[PDB]
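>>> Below: the sequence, then the experimentally determined structure.
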Protein chains: 2
Amino acid sequence: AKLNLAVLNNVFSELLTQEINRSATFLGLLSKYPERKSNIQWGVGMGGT
Amino acid sequence: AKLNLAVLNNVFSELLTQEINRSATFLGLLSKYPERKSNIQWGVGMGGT
């Protein structure tokens, strides 16, 4: 018959461990640009002469 | 054919009589407290010695 076997409390501690891998490497070097249009159009030149 | 018979206007008076019973008597003396927690836990002491 313990006098504090039901009053002692369970407290965690500030030790959150980052376990999941959410990395972004190839997104991090593509030299981003703000295109506010409907579709990107440029010109490709083949031969023929 | 009375001169003012259909051009009467019905005006109520300032005599609202609220007749419902919305009484909070026992709630009015309980010494209200806030509780921003999941549930209240306290200790109750028994015998044993």
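All right, it came through fine. Residues are numbered from 1 along each chain as shown, chains lettered A, B, ... in the order given.
>>> before we move on, which element is residue A:22 in?
Counting by DSSP states H and E, there is no helix or strand that carries residue A:22.
>>> how far away is residue A:19 from residue A:11?
For residue A:19, the distance to residue A:11 equals 22 Å [CB to CB, to the nearest Å]. Using the backbone N, CA and C atoms, a C-beta is placed for each residue, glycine as well.
>>> need the residues of chain A near chain B, please.
A:1, A:3, A:6, A:7 (CB under 8 Å from any CB of the partner chain).
>>> now those as JSON lines including secondary structure and distance to residue B:45?
Output for the residues of chain A next to chain B, formatted as JSON lines (DSSP: H, G, I helix; E, B strand; the rest coil; distance: CB to CB, whole Å):
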{"residue": "A:1", "secondary structure": "coil", "distance to residue B:45": "12"}
{"residue": "A:3", "secondary structure": "coil", "distance to residue B:45": "8"}
{"residue": "A:6", "secondary structure": "coil", "distance to residue B:45": "11"}
{"residue": "A:7", "secondary structure": "coil", "distance to residue B:45": "10"}
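>>> Out of those residues, which comes closest to residue B:31?
residue A:7 (24.8 Å; CB to CB).
>>> The closest one reaches residue B:44, doesn't it?
No: Residue A:7 is beyond contact range of residue B:44, at 9.6 Å (criterion: CB atoms under 8 Å).
>>> Based on its surroundings, how many neighbours for residue A:36?
Using other CB atoms under 10 Å in any protein chain shown, residue A:36 is surrounded by 4 other residues.
>>> Please say which of residue A:7 and residue B:44 ends up with more neighbours.
Neighbour count, other CB under 10 Å: between residue A:7 and residue B:44, residue A:7 has more, with 12 against 6.
>>> Work out which residue lies at the spatial centre of chain A.
Taking CA atoms, centre = their mean as the criterion, residue A:22 is the residue nearest the geometric centre of chain A, at 4.9 Å.
>>> any idea how far chain B is from that one?
From residue A:22 across to chain B, the span is 30 Å (CB to the nearest CB, to the nearest Å).
>>> repeat for residue A:27
For residue A:27, the distance to chain B - CB to the nearest CB - is 40 Å.
>>> Next, give phi and psi for residue A:29.
phi -140, psi 20 (degrees, to the nearest 10).
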